[PDB]
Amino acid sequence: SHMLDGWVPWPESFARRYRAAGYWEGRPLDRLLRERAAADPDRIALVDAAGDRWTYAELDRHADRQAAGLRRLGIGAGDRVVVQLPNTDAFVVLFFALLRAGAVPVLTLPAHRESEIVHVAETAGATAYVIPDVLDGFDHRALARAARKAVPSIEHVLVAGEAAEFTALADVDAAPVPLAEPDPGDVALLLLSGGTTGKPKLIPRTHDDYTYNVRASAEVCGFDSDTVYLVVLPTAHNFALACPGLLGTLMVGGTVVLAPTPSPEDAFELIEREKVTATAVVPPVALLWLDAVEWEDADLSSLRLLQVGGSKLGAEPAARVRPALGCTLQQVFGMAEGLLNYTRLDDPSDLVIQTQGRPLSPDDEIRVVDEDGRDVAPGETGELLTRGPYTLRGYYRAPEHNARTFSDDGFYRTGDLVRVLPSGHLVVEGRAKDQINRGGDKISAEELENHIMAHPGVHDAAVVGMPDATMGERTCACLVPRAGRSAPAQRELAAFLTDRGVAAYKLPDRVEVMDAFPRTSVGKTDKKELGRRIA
């Protein structure tokens, strides 16, 4: 019996291998803090952007108090809680308090709006929603009111700030209570995938596979008690949470330092002030920092490791990382679904510059296949399929999408196009999935098309990616105007999408209007040819 239904557990044969190999160590996710705080209670665990800092024993205690307060509210074993918080200490405490209460965090980003939040809350049948009050000029409590009208299961709303009619997250606090450990083979959290279908999809990560993700990534990244990790991406991003992210920093006893934004203004000062040794960024932020050192005077010398992932860093800026930033580059080809590829920190610089890494686990299995599903010859380009000790066997409550996306023997189809080199390192060559990668931000084309076509002037919509030198891809919305009406232009369509509740990173960069969409045989919209007609 598993505490949650709607997910697809590993076959018992694989489970026994991964336990025998020491990958699945049988420990709840919250135990990495409990254990580090018992051994190093007085070490500084967490620093925020203001300079406020907390020990391991203070983090562990506060998480115990907030787990107790959550239970006084009825948020307990197996309930799903949508979490949408900025890079604050409030997120870190709530993450471990939800785990210790038995609740399942459903992690969303600050940029997500009503469309994403309502669907994610509905799919998970979430019983609570955790928000800030106002962030980047948006009042998230308005969003929480709209979410509660569409999703009746939401009983509580916890606000990191002025809670209005809702519950203040700071008041969720009570004397610690003995709370039962969860089964380590159960789902610990739900991640939001970037998406390839009309509706976002949630990824269950179990305690055993996510601990191993964190533990093995910290080993390969040299994370130790002397690591000062700067959280530049959102705390809810798998990359900054667990690869090794903040959980890996806390697992080994380093210091987590929270950045409010990735701008040099904020990031470079925290690196100088806190003596940050490691961080992780997307390539657009990499290029910015690579530029900004020529007019910023911050001392960044404590930097030892810059991870760059989410999209492919080019070889020319990759080669600039050591001269400009004085640190080692690690390319990270990962996914919230599982498989992580890392360059090794002592790889020859050729491989750190030209490749996106090699798999994290000895039991990560890699297949590269052609259109006919057939394995390619060595060193040819095909679609990557993967199976392993921390890669999901199925999305959460998405059986139709599961039947298209995983092979009969359990291989997850990444939708990425790759080459495997003789050393085992991968080179990302492109994408088979219909998903735009806008500076690391993933845009499901089908989701956005369903949004655009709901506009009264749009009949059909085909969303196509465009190369961009600094963003990697931008978004073009190709529109067939509704019969005898005028399709909207770029600013009006963007305004319609915002009020419909679409995250701002999914707003099209460009609008193209045409009479019909190029079609292949079988009658599907040819977006390879649109990529040409719109050029």
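One-based numbering along the sequence shown. Just so we're on the same page, rigid core means the largest C-alpha set that superposes within 1.5 Å between forms.
Remark: when the other structures in 5 other deposited structures of this protein are fitted onto this one via the rigid core, 190 to 198 deviates more than the alternative among 209 to 217 and 190 to 198, judged by RMS CA distance. In at least one third of the other compared structures of this protein with flanking residues present, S521 is left unmodelled. Stretches 237 to 245 and 444 to 452 differ in mean C-alpha B factor, with the higher average recorded for 444 to 452.
In this crystal structure, the stretch out of 422 to 430 and 164 to 172 whose C-alpha atoms carry the higher mean B factor is 164 to 172. Across the residues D266, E296, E122, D89, the deposited record lists the maximum Cα B factor for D266. You'll see in the entry that, of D133, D346, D209, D226, the Cα B factor peaks at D133. Among all modelled residues in this chain, the alpha-carbon of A21 has a temperature factor (C-alpha) in the lowest third.
Compared with the other modelled residues of the chain, the Cα B-factor recorded for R215 ranks in the lowest third.
When the modelled residues of the chain are ordered by their C-alpha B factor, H62 lands in the lowest third. For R500, the recorded CA temperature factor ranks within the middle third of the chain's modelled residues. Compared with the other modelled residues of the chain, the Cα B-factor recorded for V118 ranks in the middle third.
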